[PDB]
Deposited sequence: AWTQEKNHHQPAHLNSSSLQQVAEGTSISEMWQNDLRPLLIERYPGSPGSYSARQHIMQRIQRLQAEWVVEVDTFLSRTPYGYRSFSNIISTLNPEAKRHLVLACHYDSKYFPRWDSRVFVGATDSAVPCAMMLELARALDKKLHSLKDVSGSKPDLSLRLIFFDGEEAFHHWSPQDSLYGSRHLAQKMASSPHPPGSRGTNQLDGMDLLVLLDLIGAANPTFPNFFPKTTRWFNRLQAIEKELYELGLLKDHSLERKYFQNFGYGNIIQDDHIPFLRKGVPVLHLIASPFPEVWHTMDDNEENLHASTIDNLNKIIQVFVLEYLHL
């Protein structure tokens, strides 16, 4: 049986001709204004916000001509203030297929106390992620639809709710969603019901994205596990600025750069990675120079980036999936 095939996969590099067509088949002003901004509001749990968002998504997907199958995992937990609810979102093309490329932001904000009209939002941290993840199945829509035949392998999106700790980051004041997804992924098997094959077996990669939207970032590579793939972003990022599908960018300041090895950063990803899942963690390091200050907004953003960085994986994602 499969479960071990996951670790043989290598991609289909396309050519310029194609490489052109969807460096132009993406508009980061379309993203800015349909996907992104109408999330720029306070969207941590309990909040009127944690719905205007959640909901916002849902149709943002399904409105699409491709093939998504959308699930709200929702549950009740221990907040250092009591028993708030939580709502993980789970987009899915080909559910029956049984190995998946998946991308996954945190869809919530930080709670921040209320002493004036000003209020947190989190641009970079992190609606920017989700926003691309949204671009990323718009732009390449029908390419994604073109696969109903129907080996087993497709595309899961995930939006974790409860990235952050209320008062105080801890092993048990944080990640709420993430963890609750693991032993729920783990519990349940697909095939339904292939005995020693649950949901955590078909998770092919996991490219978690956080802190995305500053000028001039740098992403380590943490897990050699998945750096063979990191190599793809070495690779994409050059066969590419060369041909100049890249604005306001040079390769003597690369962000997909290789040295920050086996390092102590703790997102939503840890407990997945801790059923040995191969995970890929991508996250301006050092942190956007405004992280969490009230100043984590539009202002200090930068189209360019997001974008360029929006293409890029809209290749990898392919590649992987033999387009």
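Comparing the deposited sequence with the modelled residues shows one gap only, at 151 to 154, with numbering starting at 1.
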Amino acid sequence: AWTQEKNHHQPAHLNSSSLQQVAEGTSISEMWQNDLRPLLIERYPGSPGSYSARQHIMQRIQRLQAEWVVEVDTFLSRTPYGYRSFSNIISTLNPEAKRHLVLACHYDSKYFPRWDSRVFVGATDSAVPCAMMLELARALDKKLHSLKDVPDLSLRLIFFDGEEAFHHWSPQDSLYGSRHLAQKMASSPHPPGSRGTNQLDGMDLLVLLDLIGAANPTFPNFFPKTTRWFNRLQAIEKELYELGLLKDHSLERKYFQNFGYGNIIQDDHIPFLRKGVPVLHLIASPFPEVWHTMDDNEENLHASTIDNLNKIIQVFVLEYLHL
From here on, numbers count along this sequence of modelled residues.
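Here the stretch with the larger average CA B-factor, out of 132 to 140 and 99 to 107, is 99 to 107. Mean CA B-factor, 283 to 291 versus 252 to 260: the higher value falls on 252 to 260. For the set 212, 215, 200, 205, the maximum C-alpha B-factor listed in the entry falls on 200.
If you compare the C-alpha temperature factors of 175, 127, 186, 157 in the entry, 186 comes out highest. Sort the modelled residues of the chain by CA B factor and residue 161 lands in the lowest third. In the deposited entry, the Cα temperature factor of residue 123 sits in the bottom third of values across the chain's modelled residues. Ranked within its chain, residue 311 lands in the lowest third, by CA B factor from the PDB record. Among the modelled residues of its chain, residue 265 has a C-alpha B-factor that falls in the highest third, as given in the PDB entry.
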